[PDB]
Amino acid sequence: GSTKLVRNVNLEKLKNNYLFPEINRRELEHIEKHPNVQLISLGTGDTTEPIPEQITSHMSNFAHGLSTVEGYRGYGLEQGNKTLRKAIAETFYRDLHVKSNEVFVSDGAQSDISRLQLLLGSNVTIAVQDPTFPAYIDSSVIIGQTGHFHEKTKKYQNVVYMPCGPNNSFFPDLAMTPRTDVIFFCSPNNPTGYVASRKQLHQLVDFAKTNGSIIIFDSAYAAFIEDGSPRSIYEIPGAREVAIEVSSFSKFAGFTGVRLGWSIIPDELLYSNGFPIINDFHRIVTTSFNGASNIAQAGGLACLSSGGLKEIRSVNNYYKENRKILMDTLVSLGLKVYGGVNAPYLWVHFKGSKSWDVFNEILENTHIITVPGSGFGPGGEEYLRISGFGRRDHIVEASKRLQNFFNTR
């Protein structure tokens, strides 16, 4: 028995991404076939160390407080607790003129991105970096901003793809980039790990101003920056007139399963007609969201105490040391290794090889999982993404195995 409801066209357009389902199938199979040998993963980018007890303890207490009259509350502001918003403003945007009432607390970036796309609607054009983070492009297709997927080029019609690679220091050539209503920009980037420089961000803000575009700037990896490169786009004067920033506690503090992030919508960000965009994001939030979990919001606040930040910084130094082990290994083997410094991802170029064949080689001969760059679009072909999340003894063993393998080869 069938219905007469017509499948949303935007679903017919949307191509499935087989990347992670494949990685996972291949990981299982390989673990099953070689129970002999500990498989190690440098692939998925989930955080792995526990959240500090200081932070968690505030989440356990708040939860217990919900069983008391003095601590019980129902619905909170859909925008998020005021204490948490003031803390995000002060912690991440000190002196950048971000008001606590421009912060919108989310259950993380994935949802936030889809809510921004609902705000924007079907009748806008977008630009994304290539290699491309799935969320921006998938959400764009689903809401109706694109045509079909052009199989030969591996690009959706009506979408500007901006190549970012070693040849252009991972920043598009803005003089040859067509104009769009919206530009998505992720820095530090997933998958390349590149953090744009102050000069590059200046140019992006000016390009946006000149084109009347808005920037959706994804800073979910900012806490990994070690250069002194900028962490928020609002470090650039005038960014507030063109840019929305999206971020997360996911990778910063391991809240991947706890679910907490935010977006910034400046006061000064205006449509064609002079109406502040912030007023309408409020209405999108009220209509499609009832707030981040109260217990997650208490955890978030505890992340931003001086004690929370100190403990989190310490977990992130562990991850930083792991990346160095891996970058030093791969560079010592003559590989062209990008990223690694300011992000938890290394982006390794195997000029002349398909990402998948290198994945296969490395999996079969070292029992290590990586991520095929191909999976992120055509600008990822020939690269692998490699993660510094994981335990130290696994990074060290993986380093040993790669040494052995590539000195063969």
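Sequential numbering from 1, following the sequence displayed.
Mean CA temperature factor is higher for 172-180 when stretches 172-180 and 243-251 are set side by side in the entry. Mean CA temperature factor is higher for 154-162 when stretches 296-304 and 154-162 are set side by side in the entry.
Per the deposited coordinates, the residue with the largest Cα temperature factor out of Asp107, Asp227, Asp138, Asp218 is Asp227. For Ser60, the recorded CA B-factor ranks within the lowest third of the chain. Only modelled residues enter the ranking.
Sorting the modelled residues of the chain by their CA temperature factor places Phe149 in the highest third. Annotation for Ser272: C-alpha temperature factor in the highest third relative to the rest of the modelled chain, per the entry. Ranked by C-alpha B-factor against the other modelled residues of its chain, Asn8 falls in the lowest third.
Placement of the Cα temperature factor of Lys320 within the chain: middle third of the modelled residues, per the deposited record.
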